[PDB]
């Protein structure tokens, strides 16, 4: 009965690399046993996969739970308190800070909307950073689907398609 669930755990175990950035959320998914639960971690992962894709593409460190303030303390950057933006990835090259935000939106409109919300959440930091001699380069990665480099697109679509099967009810 309902082995969309196990094929799904099976696909995950196979196709999601043993990368450190992903080990956490992968062990989440593969630990779940309840249907509802597995489906939730599933969505969390789909998103993480696309985020870690962007990170790699843009050569950015992945972020899961840090504010920019927390990040800059990591980076040994002196800065006054900024708003607690939670960027998806980041990278500091000299005086240049790249904050990377990622989303997937299929509603052409709910999308571009989301684009600006994200570009705005970031640029608002620009000027305070600049006062502290940090050039903020903001990168927003709007995606209309969940494809990633390191996984065959035919597999992504099955993976997501799998979750919808599971969601019914």
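Numbering follows the first chain given and starts at 1.
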For this session: Could you settle it for me: does 103-111 or 38-46 have the higher average Cα B factor in the PDB entry?
Result: 103-111
Seminar exercise, completed: Comparing 112-120 with 48-56, the higher average Cα temperature factor in the PDB entry belongs to 112-120
For this session: Tell me which of 63, 144, 69, 135 tops the list for C-alpha B factor in the record.
Result: 144
Seminar exercise, completed: Chain-relative C-alpha B factor for residue 12 (record values, thirds): the middle
Seminar exercise, completed: For residue 126, the third of its chain by CA B-factor is the lowest
For this session: Can you work out whether the C-alpha temperature factor of residue 151 puts it in the lowest, middle or highest third of the chain?
Result: lowest
